[PDB]
Amino acid sequence: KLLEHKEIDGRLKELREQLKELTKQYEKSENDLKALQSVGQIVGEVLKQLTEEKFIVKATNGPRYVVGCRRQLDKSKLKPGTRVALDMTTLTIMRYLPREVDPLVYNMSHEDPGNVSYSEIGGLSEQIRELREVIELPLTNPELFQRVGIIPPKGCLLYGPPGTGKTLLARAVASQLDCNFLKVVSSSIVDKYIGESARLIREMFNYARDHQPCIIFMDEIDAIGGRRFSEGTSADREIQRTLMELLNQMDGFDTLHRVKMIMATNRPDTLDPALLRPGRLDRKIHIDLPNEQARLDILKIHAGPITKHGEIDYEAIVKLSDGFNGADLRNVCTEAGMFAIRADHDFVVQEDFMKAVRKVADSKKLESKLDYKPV
Amino acid sequence: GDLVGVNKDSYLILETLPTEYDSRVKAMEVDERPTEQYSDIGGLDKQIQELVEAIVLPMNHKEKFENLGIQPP
Amino acid sequence: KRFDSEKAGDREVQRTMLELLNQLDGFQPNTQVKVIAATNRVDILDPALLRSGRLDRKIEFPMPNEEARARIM
Ligand SMILES: Nc1ncnc2c1ncn2[C@@H]1O[C@H](COP(=O)(O)OP(=O)(O)OP(=O)(O)O)[C@@H](O)[C@H]1O
Ligand SMILES: [Mg+2]
């Protein structure tokens, strides 16, 4: 009846639907054209101001300039040492910025998808308490030590034979504590440039100083913590330079506060005598080979989840496995599972454990049995 | 730490590039697969069986492992 | 093997070896790549490389016997 406009109304509706996208496209084009009418600014550091309108600033590279400043900008925030942005054609102060954070330190700040807890580690229930006595209680209830009249230690190191559970304990501590944490390997902070090696460590200590509650953990300290050579070769005294820089950063002319460090190595003979001095590494922690009860605990921890069948006797396994490690017992479980894999079975019998123990036992003949102790 | 292409004069990001790898690392990947078969090796049956059950097997038959609760070597 | 000295030493290769050790097992577990290694003199090799979690299975190749020699010929 009144549909004389219905066709034209539908045409108008379709045209409006198209105009919606045409206006989204016009907006996108407007943003694209607006964005491409700006330029960057150089970054530098202020040193001091000569007069009301003249400052002297240093870029990231060498050259230093005598420059002016913007009129509207506040002049009460420009203390020496701050970071500023300058125009690229007139070199005038335009804006001040907060302190830099290195991408390396940002990556080091948070990298831990693991979620290991205290239930997965066994046999060393005393050393874990000894370690937690350093980094947990003083950071939360600090008036007790002040009441007694002492100061809690700062750092500690863990040593022992390979594969006794040091990095695992460090992972558990890092994954079960609510505080800022840094994780790094000592062999990944070295590069061929002249000053980068000693700059990275200074940067990470500055970052730790900013966020006052932090913990620093460095694995394989023997990479850069070795003894200092006499009549040594070139390209090797740079590592020593980094070493004494580190020795000065911790327990140096300026005191550290609310900062703790953890180090791990499986042979502490080669460490410098100055790095082991009390006042820098206050506590030495030993993680020795497991005992019979410790071996039984580790076996019960690792042999649990497997789809076992029949009756199991851990006493013979404990008696046979002597001088083993946690890795060795995990290997025993894996080899038992492998013997189960052969003969086409889907369950495990204690005879597989008995076979796997003696299969693992003879592979230790070709491995040295030396033990090293710090001195 | 990302790798970006920037305008030469205005200094603005124009596109994002894939992560780059060292040439020496890239040059060590195999291209022409060898043609040697298992049939031309004699007197090493135990070694072959022990090696194949730890490398090839955990790739094509992983379902045989988690069904038991054992991690591969 | 590593060692201790005070007149001169060899430490760069030891640092690369330490990084290689850290790649296997270490702080970050890896479960997508497999490692095969070959050598012909084991007594001069660092014990940390021979740990059970880092190199799990160890295979030894004996000299061929009579039948193996005939098969090879
Ligand atoms: N007490 C323990 N309880 C359970 N597992 C343990 C224990 N000690 C060691 N392990 C085993 O050790 C394996 C790896 O050990 P870890 O990485 O801690 O070695 P490590 O002692 O730091 O040696 P290194 O760094 O010198 O090679 C873990 O996967 C775990 O199964
Ligand atoms: Mg470790």
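One is the number of the first residue shown, and numbering goes on along the chain from there.
Quick reminder: no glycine exception, Cβ is built from N, Cα and C everywhere.
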**Complete:** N6-acetyllysine, as annotated by Swiss-Prot among A:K34, A:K58, A:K308, is found at A:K58
**Prompt:** To which residue among A:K48, A:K192, A:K284 does Swiss-Prot attach the annotation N6-acetyllysine?
**Reply:** A:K192
**Fill in**
In Swiss-Prot, the phosphoserine annotation, restricted to A:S76, A:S230, A:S234, falls on A:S230
**Surrounding CB atoms that lie within 10 Å of the CB of A:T164 (ATP binding site), all protein chains** = 22
**Fill in**
Counting every protein chain shown, other Cβ atoms within 10 Å of the Cβ of A:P161 (ATP binding site) number 19
**Fill in**
Filtered by Cβ under 8 Å and at least 6 apart in sequence, the residues in the chain of A:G160 (ATP binding site) near it are A:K166, A:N266, A:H286, A:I287, A:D288
**Request:** Check A:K58 (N6-acetyllysine) against DSSP and tell me helix, strand or coil, would you?
**Result:** strand
**Message:** Measuring Cα to Cα, how many Å separate A:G165 (ATP binding site) from A:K192 (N6-acetyllysine)?
**Reply:** 33
**Message:** In whole Å, how far does the CA atom of A:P161 (ATP binding site) lie from that of A:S230 (phosphoserine)?
**Reply:** 29
**Asked** Which site among A:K58, A:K166, A:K192 has the most other CB atoms no more than 10 Å from its CB, taking these as recorded positions?
**Response** A:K166
**Message:** Measuring Cα to Cα, how many Å separate A:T167 (ATP binding site) from A:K192 (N6-acetyllysine)?
**Reply:** 28
